[PDB]
Each structure stands twice: as structure tokens, then as C-alpha cells.
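Take a look at the structure below.
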Amino acid sequence: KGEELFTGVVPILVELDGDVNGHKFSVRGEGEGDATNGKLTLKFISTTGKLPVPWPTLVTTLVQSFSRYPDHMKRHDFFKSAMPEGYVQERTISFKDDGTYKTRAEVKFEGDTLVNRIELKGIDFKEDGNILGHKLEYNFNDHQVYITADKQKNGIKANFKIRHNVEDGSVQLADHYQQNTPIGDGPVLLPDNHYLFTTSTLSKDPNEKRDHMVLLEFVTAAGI
């Protein structure tokens, strides 16, 4: 019955409070989601000034409840199963040869709006590495993510690596490890192993002066 709340276009609110090597910042996202086609469209704004971080390193963090799960697979969609009460999403992102992000989020319905409220902390970052030194190009190379059930936590697990391009032409790796647990006590769908594929498209609003990011994503479940 959680499948219910994603039939049409659901509005999205994204809130993130970040602290990276003491750099406190905050992002506010607004958009809509069409889970039946797997289309995500959001505009994020820095309510703090220029981000101390490259925008691309925050994509992973800024709502897989909107993935498109084929009909032949709808019994593996943990993300909508745990709604409206939502799920907690925790990640550890370790940028090779640099610092590490640790995220905690609550993905929850709040009235008509699906909300993802995140708290992020990052430590041991090189004051001028690829991240804090803003050496990462403004683009994103996705990557499949392997969903797995973790039934002792009544939730799901996944680890995956992301490659961000470097101005240098190098590649800054980011090792993701992901835990998700339901917030409510209701029963959830625990899935067999499957994948979530994504194509992200990063862009800018020419009329927006604040540090911002316009994000378009098409997400599909498959596997395999």
C-alpha cells in the first residue's frame, strides 16, 4: 500500500546541514518526483554561501523511493514499502587519499511532500585536496548500486564506488557504504539482490546567482 503514494508527481523537499573540516554549510532542494517513470528533477541551493565542497560529491547524499521498479519486480521495492513513515539512510563515503563523509538522513513523507533531511560530517580532508580545493569538474558519472537485504536490521545494505573527474584529468574515488532501516514498526519488503541504475545530468540555472545545482535523474531497478 506504500506503492500508493508515488503514483503521480510527488513534490520533494531536501534539507542538508553539513560540516566538513569545520566548514558548516547547508543545502535546500526543491523539486518533484515521478516514480512510475523514475524521473527525478530538483534544484538545490546553498543557503550558506559558496559550498566548501564540490557540488558533485553531494549527489549521492541529496531518495531512491523514486526508482522505477518494473512490474515483475515490485516485491523488492523496500524504499516505498517503508512509507509514509519513512526510512533512515546512513552512508560512509571515503574519498581515496582524502577525508570521509558520514551521512545520516531521514526519508519521510510530511503531508503531501516527501522529505529527505540529512546531517553530514566530514573529517580528515586535505585543506587543498580534490574536494576542499575545488579540483573536481562539474559533472557526474553514475554507477549501478547493488541492493541487498539485511534482515537482522529489517532493512537493506549496499556498497558502491563513484568516480568524480578531476580538473587534472585524474579520478577521485568515493567508496560508498549504505545502511537503510525503517522508521516505523510496520512490516517492510526485504528484497532479493538487485541493482539500481541511474543517469544523472548536472546543470545550472543562468538566472540563479546563489551557489546551486540543477539535478535531473532517471533511475531504474533491474537484476539480473
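Chain labels follow the order of the C-alpha cells: the first chain is A, the next B, and so on; residue numbering restarts at 1 in every chain, and ligands are counted from 1 in their shown order.
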Report task. Extract, using only C-alpha atoms, all DNA, RNA and protein residues at most 6 Å from residue 176 (chain A), discarding same-chain residues fewer than 4 positions from it, and format them as JSON, numbers by chain. Result -> {"A": [92, 93, 159, 160, 161]}
Pull the closest atom pair for each residue of region 115-146 of chain A that gets at most 10 Å from region 26-41 of chain A, along with the distance in Å to one decimal, counting only C-alpha atoms, ordering rows by chain and then ascending residue number, as a tab-separated table.
residue	atom	partner	partner_atom	distance
A:115	CA	A:29	CA	9.7
A:116	CA	A:29	CA	9.4
A:117	CA	A:28	CA	9.6
A:118	CA	A:27	CA	9.5
A:119	CA	A:26	CA	9.3
A:120	CA	A:26	CA	9.5
Requested in this report: Pick out the residues sitting within 10 Å of residue 59 (chain A), and hand them over as a PyMOL selection string; count only C-alpha atoms, and ignore anything fewer than 2 positions along from it in its own chain.
Outcome: chain A and resi 54-57+61-62+140+142+200+202+213+215
Report task. Would you kindly return, as number ranges by chain, each protein, DNA or RNA residue with an atom no farther than 12 Å from any atom of residue 183 (chain A), considering only C-alpha atoms and excluding same-chain residues fewer than 3 positions away? Result -> A: 79, 81-89, 105-109, 153-155, 180, 186-188
Report task. Could you tell me, as a list in words, which residues of region 72-224 of chain A DSSP assigns to helix (DSSP H, G or I) when given the backbone? Result ->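 Everything in region 72-224 of chain A that counts as helix (DSSP H, G or I) is residues 72, 73, 78, 79, 80, 81, 151, 152 and 153 of chain A.
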The selected residues should be written to file as a CSV table (one decimal), in the first residue's frame (atoms: C-alpha atoms).
chain,number,residue,atom,x,y,z
A,72,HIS,CA,7.9,-8.0,-12.5
A,73,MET,CA,9.9,-6.7,-9.5
A,78,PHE,CA,12.0,-1.6,0.0
A,79,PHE,CA,12.0,2.1,-0.3
A,80,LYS,CA,8.3,2.7,-1.0
A,81,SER,CA,7.4,-0.3,1.3
A,151,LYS,CA,17.1,-8.8,7.7
A,152,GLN,CA,18.6,-8.6,11.2
A,153,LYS,CA,18.1,-4.8,10.8
Per-residue nearest contacts of region 68-107 of chain A to region 132-138 of chain A (12 Å; only C-alpha atoms) as a tab-separated table:
residue	atom	partner	partner_atom	distance
A:95	CA	A:132	CA	11.6
A:98	CA	A:132	CA	9.8
A:99	CA	A:132	CA	9.6
A:100	CA	A:132	CA	11.9
Requested in this report: One decimal, Å: what's the distance from CA of residue 143 (chain A) over to CA of residue 125 (chain A), could you say?
Outcome: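 If I compute the distance from CA of residue 143 (chain A) to CA of residue 125 (chain A), I get 23.9 Å.
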Requested in this report: Go through A:50, A:43, A:76, A:24 and flag the residue nearest residue 196 (chain A), using only C-alpha atoms for the distances.
Outcome: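 Using only C-alpha atoms, the shortest distance to residue 196 (chain A) belongs to A:76.
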Requested in this report: Going by DSSP on the backbone, which bits of region 76-222 of chain A are strand (DSSP E or B)? Write them as an MDAnalysis selection string, please.
Outcome: chainID A and resid 87:95 100:110 113:123 136 141 145:150 155:166 171:182 194:203 212:222
**Report entry** Nearby residues (only C-alpha atoms) at most 12 Å from residue 75 (chain A), same-chain spacing under 5 positions excluded, as a list in words
**Finding:**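 Result of the neighbour search: residues 1, 2, 3, 69, 70, 80, 81, 188, 189, 190, 191, 192, 193, 194 and 221 of chain A.
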Shell around residue 199 (chain A) at 7 Å using only C-alpha atoms, local window under 5 positions removed, as an mmCIF file with N, CA and C atoms, in the first residue's frame:
data_model
loop_
_atom_site.group_PDB
_atom_site.id
_atom_site.type_symbol
_atom_site.label_atom_id
_atom_site.label_comp_id
_atom_site.auth_asym_id
_atom_site.auth_seq_id
_atom_site.Cartn_x
_atom_site.Cartn_y
_atom_site.Cartn_z
ATOM 1 N N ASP A 142 27.659 8.261 -12.995
ATOM 2 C CA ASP A 142 26.935 7.334 -12.202
ATOM 3 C C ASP A 142 27.548 6.042 -12.077
ATOM 4 N N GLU A 217 17.585 13.207 -13.000
ATOM 5 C CA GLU A 217 17.990 11.816 -12.871
ATOM 6 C C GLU A 217 16.891 10.888 -13.358
ATOM 7 N N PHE A 218 17.297 9.830 -14.053
ATOM 8 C CA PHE A 218 16.412 8.733 -14.426
ATOM 9 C C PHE A 218 16.958 7.461 -13.797
ATOM 10 N N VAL A 219 16.151 6.830 -12.948
ATOM 11 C CA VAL A 219 16.576 5.690 -12.146
ATOM 12 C C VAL A 219 15.686 4.500 -12.470
#
Requested in this report: For each of A:206, A:48, A:6, A:53, take the minimum atom-to-atom distance to residue 128 (chain A), counting only C-alpha atoms, then give the residue where this is smallest.
Outcome: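 Checking each candidate against residue 128 (chain A), we get A:53 as the closest.
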Query raised in the report: Excluding same-chain residues fewer than 3 positions from residue 172 (chain A), what lies within 8 Å of it counting only C-alpha atoms, as a VMD selection string?
Result: chain A and resid 95 to 96 130 136 163 to 166
Could those residues be written to a file, using C-alpha atoms, as a short mmCIF file (atom, residue, chain, number, x, y, z; two decimals), in the first residue's frame?
data_model
loop_
_atom_site.label_atom_id
_atom_site.label_comp_id
_atom_site.auth_asym_id
_atom_site.auth_seq_id
_atom_site.Cartn_x
_atom_site.Cartn_y
_atom_site.Cartn_z
CA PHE A 95 37.35 9.69 -0.75
CA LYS A 96 40.54 7.77 -1.51
CA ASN A 130 40.47 17.47 -4.72
CA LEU A 136 36.56 18.36 -9.32
CA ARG A 163 34.35 8.23 -9.76
CA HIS A 164 34.42 12.02 -9.96
CA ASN A 165 36.52 13.62 -12.68
CA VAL A 166 39.43 15.88 -11.71
#
Query raised in the report: Quick one: distance from CA of residue 101 (chain A) to CA of residue 177 (chain A) in Å, one decimal?
Result: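 Distance reported for this atom pair: 10.5 Å.
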Requested in this report: Between A:222, A:173, A:147, A:63, single out the one closest to residue 15 (chain A), counting only C-alpha atoms.
Outcome: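 When distances to residue 15 (chain A) are compared using only C-alpha atoms, the smallest one comes from A:63.
You can rank A:18, A:184, A:52, A:129 by their closest distance to residue 104 (chain A) using only C-alpha atoms, and at the top of that list sits A:18.
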Report task. One decimal, Å: what's the distance from CA of residue 145 (chain A) over to CA of residue 224 (chain A), could you say? Result ->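 Computed distance, CA of residue 145 (chain A) to CA of residue 224 (chain A), equals 12.6 Å.
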Report summary line: Shortest contact to residue 126 (chain A), candidates A:114, A:13, A:174, A:20, atoms counted only C-alpha atoms, goes to A:20
Report task. Using only C-alpha atoms, pick whichever of A:71, A:77, A:205, A:124 has the shortest atom-to-atom distance to residue 97 (chain A). Result ->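 Among the listed residues, A:124 lies closest to residue 97 (chain A).
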